[PDB]
Amino acid sequence: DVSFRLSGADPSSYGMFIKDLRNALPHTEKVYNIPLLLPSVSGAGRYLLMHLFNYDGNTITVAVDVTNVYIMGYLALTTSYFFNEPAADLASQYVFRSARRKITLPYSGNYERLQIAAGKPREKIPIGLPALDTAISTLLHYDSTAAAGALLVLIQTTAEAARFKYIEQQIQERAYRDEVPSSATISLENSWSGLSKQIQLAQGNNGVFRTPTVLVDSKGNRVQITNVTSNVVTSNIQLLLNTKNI
Ligand SMILES: Nc1ccn([C@@H]2O[C@H](COP(=O)(O)O)[C@@H](O)[C@H]2O)c(=O)n1
Ligand SMILES: *[C@@H]1O[C@H](CO)[C@@H](O)[C@H](O)[C@H]1NC(C)=O
């Protein structure tokens, strides 16, 4: 398992958490020095438990699929909550079984559905460590509309930060003040599958992407990433979604 406590949290302790999160995900191979997530894992081993504590020390446990870093569901006191999707229902067979009741959330975990439930796109939702404290607090007591927004914050401040060093750094900048994600942040989130694919396709293509990936950079400018020498590949991305799952 991995843990993170908002009480006394700073950019350093958050960095240690994201490091732990990455290191908890198994791999047998690196592609261009980036860990390649496994095609599949059977049984309970598929799910990582993240213990998150709000400033007041109240806690939720979040179940994460270690093959794609997708959040499946979470436990809050004696109630488990899972996304309305087949992968999450499968997860509910293995994690939080001792919960007194299980609620299936009225949406899947994908960004489009969460934004619909939350009533706003995540371009408009501030993120940061204070926002994560709020998210944990919200998830402690069921409120599906509020939970959608909280989960958008949760996913970006954990999974997306694990996937991209840039995103980790953006959250570190928001340690004591929330701010909506940069356009570059949104771009990287939306491009993770594509980038993972092209980095793997480059393996037998002399480091060249079969299809270029369009990204927005730190200056709001639209760049085109075409091979593994790009900083996004050498610097930024920390985990690759296996092409078998794409
Ligand atoms: N169970 C799920 C499903 C999706 N997600 C996140 O939501 C995204 C899906 O968004 P779209 O369907 O809008 O592409 C994924 O990239 C993933 O990071 C998640 O964190 N947990
Ligand atoms: C590869 O990407 C680098 C970095 O963006 C770029 O400068 C260069 O033009 C590209 N080279 C090839 C052969 O695609």
Side-chain angles (χ1 to χ4, degrees), residues 21-22 25 32 37 46-48 50 52 60 62-74 80-92 94-96 104-118 120-123 125 127 132 135 139 147-164 167-168 181 185-199 201-202 205-218 221-242 245-246:
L21 175 47
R22 288 163 182 154
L25 307 176
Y32 293 102
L37 297 172
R46 190 176 186 93
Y47 313 105
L48 168 63
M50 301 196 296
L52 305 176
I60 63 170
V62 181
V64 179
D65 182 323
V66 304
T67 70
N68 54 19
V69 212
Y70 286 13
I71 292 176
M72 294 295 97
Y74 56 95
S80 68
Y81 301 84
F82 293 90
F83 286 122
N84 189 208
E85 61 188 36
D89 178 54
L90 179 63
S92 79
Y94 299 98
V95 299
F96 315 140
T104 302
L105 298 167
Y107 35 75
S108 65
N110 73 78
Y111 279 141
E112 294 286 59
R113 295 292 166 181
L114 283 168
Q115 287 175 173
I116 287 165
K120 55 207 305 189
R122 69 199 192 278
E123 283 88 339
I125 302 171
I127 59 178
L132 179 52
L139 297 177
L151 289 160
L152 287 169
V153 172
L154 174 69
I155 288 161
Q156 297 181 268
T157 56
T158 62
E160 302 288 17
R163 292 162 180 164
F164 296 100
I167 295 183
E168 175 188 3
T185 297
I186 297 299
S187 185
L188 295 163
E189 293 171 356
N190 290 340
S191 301
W192 184 58
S193 188
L195 284 167
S196 293
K197 188 185 192 175
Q198 295 304 313
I199 292 163
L201 295 177
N205 192 216
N206 297 311
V208 178
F209 286 13
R210 297 281 180 178
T211 306
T213 296
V214 176
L215 298 180
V216 178
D217 69 5
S218 62
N221 284 312
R222 165 200 163 296
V223 68
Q224 176 159 291
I225 306 310
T226 60
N227 65 72
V228 298
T229 71
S230 171
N231 272 316
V232 187
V233 188
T234 66
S235 326
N236 193 348
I237 195 163
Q238 302 293 308
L239 302 163
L240 303 177
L241 185 62
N242 202 292
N245 295 310
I246 301 173

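In each ligand, atom 1 is the first atom listed, and ligand 1 is the first ligand listed. Numbers for residues simply follow the sequence, beginning at 1.
- No side-chain heavy atom of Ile167 sits under 4.5 Å from any side-chain heavy atom of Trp192.
- A cation-pi arrangement, defined by a distance under 6.0 Å to the six-membered ring centre and an angle within 45 degrees of its axis, is present between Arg122 and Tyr111.
- Residues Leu114 and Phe83 have side chains in contact (heavy-atom distance under 4.5 Å, counting atoms from C-beta outward).
- Ranking protein heavy atoms by distance to atom 2 (C) of ligand 1, first place goes to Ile71 O, 3.4 Å.
- Inter-residue side-chain proximity for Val228 and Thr234 is flagged as unmet; no heavy-atom pair is nearer than 4.5 Å.
- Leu25 has its side chain within reach of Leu48: a pair of non-hydrogen atoms, C-beta onward, lies under 4.5 Å apart.
- Of all atoms in ligand 1, listed by their number and element, those nearer than 4.0 Å to a heavy atom of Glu160 are 18 (O).
- Using a 4.0 Å cut-off to heavy atoms of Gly109, the atoms of ligand 1 that qualify are 1 (N), 2 (C), 3 (C), 4 (C), 5 (N), 6 (C), 7 (O), 19 (C), 21 (N).
- Contact check for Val62 versus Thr158: no side-chain heavy atoms found under the 4.5 Å cut-off.
- Protein heavy atom at the shortest distance from atom 12 (O) of ligand 1 is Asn110 CB, 2.7 Å.
- Proximity annotation for atom 1 (C) of ligand 2: of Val232, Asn231, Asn227, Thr229, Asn227 comes nearest, heavy atoms only.
- At least one side-chain heavy atom of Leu90 sits less than 4.5 Å from a side-chain heavy atom of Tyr47.
- Between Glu168 and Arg22 a salt bridge is recorded (basic side-chain N to carboxylate O distance below 4.0 Å).
- The shortest contact between atom 17 (C) of ligand 1 and any protein heavy atom is with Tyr70 CE1, 3.7 Å.
- For atom 14 (O) of ligand 1, the nearest protein heavy atom lies 4.0 Å or farther away.
- Heavy atoms of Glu85 found under 4.0 angstrom from ligand 1 belong exclusively to the side chain.
- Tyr107 places no side-chain N or O within donor-acceptor distance of the main-chain N or O of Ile116, the cut-off being under 3.5 Å.
- Screening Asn231, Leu188, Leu215 for a side chain to side chain contact (heavy atoms under 4.5 Å, CB included) involving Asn236 leaves a single residue, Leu188.
- Within ligand 1, the atoms closer than 4.0 Å to a non-hydrogen atom of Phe83 are 1 (N), numbered from 1 in the order shown.
- At a distance under 4.0 Å, no protein heavy atom can be found next to atom 9 (O) of ligand 2.
- Using a 4.0 Å cut-off to heavy atoms of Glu112, the atoms of ligand 1 that qualify are 13 (O).
- Distances from ligand 2 to the non-hydrogen atoms of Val208 include no value under 4.0 Å.
- By the criterion of a heavy-atom distance under 4.0 Å, the side chain of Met72, and not its backbone, is placed next to ligand 1.
- Using a 4.5 Å heavy-atom cutoff, the side chains of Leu37 and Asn68 are not in contact.
- Of the polar atoms of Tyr111, at least one N or O is found under 3.5 Å from an N or O of ligand 1, judged by distance alone.
- The side chain of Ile155, and not its backbone, has at least one atom closer than 4.0 Å to an atom of ligand 1 (non-hydrogen atoms only; side chain from C-beta on).
- Short contacts between ligand 1 and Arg163, defined as distances under 4.0 Å to a heavy atom of the residue, involve ligand atoms 18 (O).
- Within the 4.0 angstrom cut-off, atom 14 (O) of ligand 2 has one or more protein heavy-atom neighbours.
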